[PDB]
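There is one chain below, alone, in structure tokens, taken in the form deposited in one PDB entry.
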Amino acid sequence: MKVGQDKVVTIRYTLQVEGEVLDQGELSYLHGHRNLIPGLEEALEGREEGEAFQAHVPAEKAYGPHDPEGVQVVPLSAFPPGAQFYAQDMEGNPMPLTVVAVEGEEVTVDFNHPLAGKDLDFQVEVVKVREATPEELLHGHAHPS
């Protein structure tokens, strides 16, 4: 069958950003329940099982724009590039920061999601398409194999 609302879709994909691959594998998701990033799900819409395709999905339809407000300078004294800090939220739900630069007392931190502001490039194979079982529809997600 073909990808649509309430189908469980199994894809084999590669993900590349700025020309470099960041991730790959096989996943199964329930289509039409906001389980995938919007742009990818849109690109999958209507595809027949067995289809292969590329899809460019811009930041606006993936992990959203990079909030320049999420970049801040914190004191070196406040800490206990590429540095990932899982520092405690102020009220709940921690937010991983990543340091981009540090000069003296000053440290530059970033609250944004890693892929924020990034256009994503996907190579995709639609491996299987079937209808969701009633349990999957209840939980609102795929129960793979």
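The first residue of the shown sequence is 1; numbering continues from there. We call the rigid core whatever largest set of C-alpha positions still superposes within 1.5 Å between the two forms.
Per the record, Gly104 and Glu105 are directly connected, as no deposited residue between them is missing from the model.
Relative to one another, 30 to 38 and 61 to 69 have unequal mean CA B-factors, and 61 to 69 is the one with the higher figure.
Note on 93 to 101 vs 41 to 49: mean CA B-factor is higher in 93 to 101. For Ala116, the recorded CA B-factor ranks within the middle third of the chain. Only modelled residues enter the ranking.
Below, we turn to the form deposited in another entry, even though it does not appear here.
Rigid core superposed between the shown form and the other one, residues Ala55, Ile37, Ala59, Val102 considered: the one with a C-alpha shift of 2 Å or more is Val102. With a change of no less than 3 Å, the CA-CA distance between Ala62 and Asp89 is larger in the other entry than in the form shown. The pair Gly64 and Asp89 is at least 3 angstroms farther apart at the CA level in the other entry than in the present model.
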